[PDB]
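# Results of the structural survey
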Amino acid sequence: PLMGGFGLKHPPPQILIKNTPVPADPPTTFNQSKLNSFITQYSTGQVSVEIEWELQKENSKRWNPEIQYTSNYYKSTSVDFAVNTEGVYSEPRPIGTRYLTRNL
Amino acid sequence: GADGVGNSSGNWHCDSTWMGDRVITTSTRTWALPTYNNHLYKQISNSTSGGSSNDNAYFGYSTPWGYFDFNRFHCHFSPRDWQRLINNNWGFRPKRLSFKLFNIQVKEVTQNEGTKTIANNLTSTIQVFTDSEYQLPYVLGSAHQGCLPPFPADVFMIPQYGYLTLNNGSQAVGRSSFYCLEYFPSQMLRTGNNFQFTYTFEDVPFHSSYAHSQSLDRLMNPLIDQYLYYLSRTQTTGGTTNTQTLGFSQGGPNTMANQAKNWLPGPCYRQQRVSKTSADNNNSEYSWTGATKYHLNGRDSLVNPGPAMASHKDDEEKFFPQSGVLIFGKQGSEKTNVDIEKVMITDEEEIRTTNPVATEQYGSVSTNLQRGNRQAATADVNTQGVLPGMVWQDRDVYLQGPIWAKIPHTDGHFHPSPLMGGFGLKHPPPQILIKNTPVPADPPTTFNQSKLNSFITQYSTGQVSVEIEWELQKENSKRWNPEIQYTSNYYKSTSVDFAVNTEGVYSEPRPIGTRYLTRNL
Amino acid sequence: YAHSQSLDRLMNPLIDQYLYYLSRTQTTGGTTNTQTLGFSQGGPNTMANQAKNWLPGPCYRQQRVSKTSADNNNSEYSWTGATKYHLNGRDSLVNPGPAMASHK
Ligand SMILES: [Mg+2]
Ligand SMILES: [Mg+2]
Ligand SMILES: [Mg+2]
């Protein structure tokens, strides 16, 4: 896929969810029209997702040190990839995957 | 099944499964059931609803029960599944049914100071039973509203059960019967409970989901003469003084109308012809006076749709028999005196190969004995009962039409194919009756013998699933050329047919019959 | 046994049909009445117009005779007004004939 990632013919399927309609009180005389009065509802719960990933370990025979992703050592008002004083979490930068090197 | 308040008693099952010679349809819907008649049984008649004519007089009872109706093909077949059925099969019939009620919720309604409060009444019951021994008047089979909706996302209300017995005007007679539905065993369900029922259909003929590619009057070899003769001449030709003679000829390729044949077209009960273009019709009120009727115990009923007859002859598509075809309403069409553009008039032209045209005579018969001073006289036959050697096709079924009817419990019942179309069953899917059990409000603290008339306001809701297994007769067309098939139209549209619009309303834009494929006669 | 229902009264008396019938052929109101086509759904007050599945049994019409002699015609019609079949040049009375109800 051009945005990056894994192209799958048979990807993780779409998981669809809805609240079942609960009709409000119907009239006491029959009417053929579909019901349009429902009790106002929402749902909440927890969701868990577990993914197993396979790794290809680095086997660098290079003599000199490599580039590594590192947090910056210096003093900051906030720590990167944490919450601020108001409880808002932020991701301050994009992090790619190409730090290690290999020959062609 | 039996479980707790926080556990679901069933899952959503909507889909069709196509196998070798079988299709299993499954639809699930959400319903709502009010308390009907404030828990009472009531005597009703034409004098209780108003009263006008003896033709419309009745006597019966309204009950506090509701019932389930899924006696329409669209309760089971999606339009796509209907297309798959009709384009590929020469016949089908129902085999078995499974019915389930689950995820029952009983709700209490409190009306104080204009405030609308709806709460769960976890300890209240509904009552459900099946009339498996056909001990109650059977009202399924009378093309009533209240069916499972065609669109799975639509929520519906269950219709109220009522029935008729014998009347003399607005009055009862000694033979009139009263039925109490609480005089039956019924299952009682709370919110954790579910209901299930299974049924097997009796052996019924396959519906003929094809049209004939031959007509009854054109079964001969068009290259060969007959060995049989017909009377072709009764008077001498040529000269000045024409005299009596008897000349005989053999029917052949250019005299197919005179050929000896083995069979006769199906029976007739003539209907008036109405044009879909108002200007071509007579300027009078003939909806009743010009109507084809039956007369039973002093009252007239319309013959509607009546015997299966063809709607019109070749190049006469604008004409229909007055009450000889099924007429469906377009989405949202009203009950009374709606315009032609609000209805969908079915067309049974495909059966004109064996069945007479509804609006024409069956034929002509001799009415006298011709001689020297008396000329041969004939008359039109406008009613023709069955004759040996007659053949016919029954009325087609439609996606939005009925499936079955109960064959009346009678001594005689000739070719008991229900006239609205479908399957005639002596022992049809039983009536499934449902009601909310009355829950009395606080009684007085001093005994009083009077029946209680103060109840807590309740309704119920839940899901219903219906599964039908159908048997198919696959098309085995040895024809060389392509056949007719039902197809959606290829061109650009504001909306797609058999879908929802911008407001979420589902509509069925046309009737869809079953006779696309063809076969020889 | 006798039937406690009639063939023309098998419907549910509380519910309308989904099917329509031709209820109007001429405009109502005004001075100049013209051709129209109006359709209605049969219901509790129009049972006579409802779509039905069945038909009453066969008929071979008989003359009506009153048990009170004064209500009948002053002629000899025991034979001339009789319902008959014709077989090989002779007439036979249809007696009692097809099962039909005696009176309304
Ligand atoms: Mg329906
Ligand atoms: Mg046509
Ligand atoms: Mg019976």
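To be clear, the structure that these remarks concern was listed above.
The sections below set out a description of the structure shown in this document. (Residues numbered from 1 in each chain as written, not as in the entry; some residues may be left out. Chains lettered and ligands numbered in written order. Part of a larger assembly, values for the part shown. Heavy atoms only, no water.)

### With respect to the pattern of salt bridges
Residues and elements named next belong to chain B. Selection criterion: We count a salt bridge whenever a side-chain nitrogen from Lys or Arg sits within 4 Å of a carboxyl oxygen from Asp or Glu. Secondary structure elements follow DSSP: runs of H or I of four or more residues count as helices, runs of E of two or more count as strands, with numbering from the N terminus.
Throughout the structure, instances matching the rule amount to 23 salt bridges over all chains. Here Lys95 ties to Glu471 by a salt bridge, and the two come within 3.1 Å at their closest N and O atoms. Of this pair, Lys95 sits in strand 5 (residues 89-112) while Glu471 sits in strand 33 (residues 457-474), and the two are 376 residues apart along the sequence. Here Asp217 and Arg218 are joined by a salt bridge, their closest N and O atoms 3.9 Å apart. Beyond isolated ion pairs, a larger network of salt bridges with shared partners links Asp21, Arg22, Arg96, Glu467 and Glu469.

### Focus on the coordination of the magnesium ion (ligand 3)
Basically, it comes down to this: Each metal's donors are the N, O and S atoms within 2.8 Å of it, or within 3.2 Å when it is Na, K or Ca, and because water is not part of the set, sites may look incomplete. Burial classes follow relative accessibility: with a 1.4 Å probe on protein chains only, a residue under 20% of its type's maximum area counts as buried, one over 50% as exposed, and anything between as partly exposed.
The protein atoms donating to the magnesium ion (ligand 3) are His409 of chain B (O), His409 of chain B (ND1) and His3 of chain C (NE2), with metal-donor distances spanning 2.0 to 2.5 Å. Here the residue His409 of chain B occupies a position in the loop between strand 30 (404-406) and strand 31 (423-425), and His3 of chain C occupies one in the segment before strand 1 (20-26), the pair thus bridging two chains. Residue classification places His3 of chain C among the partly exposed positions, given a relative accessible area of 40%.

### Points about the interface of chain B and chain C
Let me state the cut-off plainly: Contact definition: two residues touch when any of their heavy atoms are within 4.5 Å. Two parts placed together each lose some accessible area; with a 1.4 Å probe, that loss summed over both constitutes the buried area. Two N or O atoms count as a polar contact when they lie within 3.5 Å, although within protein this holds only if one can serve as hydrogen donor and the other as acceptor, and sequence-adjacent residues are included solely when both atoms are side-chain atoms. For this classification, the nonpolar set comprises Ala, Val, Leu, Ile, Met, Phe, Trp, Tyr, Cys and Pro, the charged set comprises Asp, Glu, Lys and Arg, and every other residue, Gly included, is treated as polar.
Each partner contributes to the interface: chain B provides 87 residues, whereas chain C provides 51 residues. Counting each side, the surface lost to burial between chain B and chain C is near 5900 Å², with a carbon and sulfur contribution of 54%. Inspection of the region where chain B meets chain C yields two salt bridges. Across the pair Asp8 of chain C and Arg299 of chain B runs a salt bridge whose closest N-O atoms are separated by 2.8 Å. Linking chain B with chain C are 48 residue pairs in polar contact. Secondary structure elements with two or more residues in the side of chain B that touches chain C: strand 4 (59-67), strand 9 (160-164), strand 20 (273-275), strand 21 (293-296), strand 22 (299-302), strand 24 (327-329), strand 25 (343-345) and strand 30 of chain B. Element by element, the count of residues in the side of chain B that touches chain C is highest for strand 9 of chain B, at five residues. Its residues placed into classes, the side of chain B that touches chain C shows 40 nonpolar, 35 polar and 12 charged.

Remember, this is a structural readout, not a statement about activity or role.
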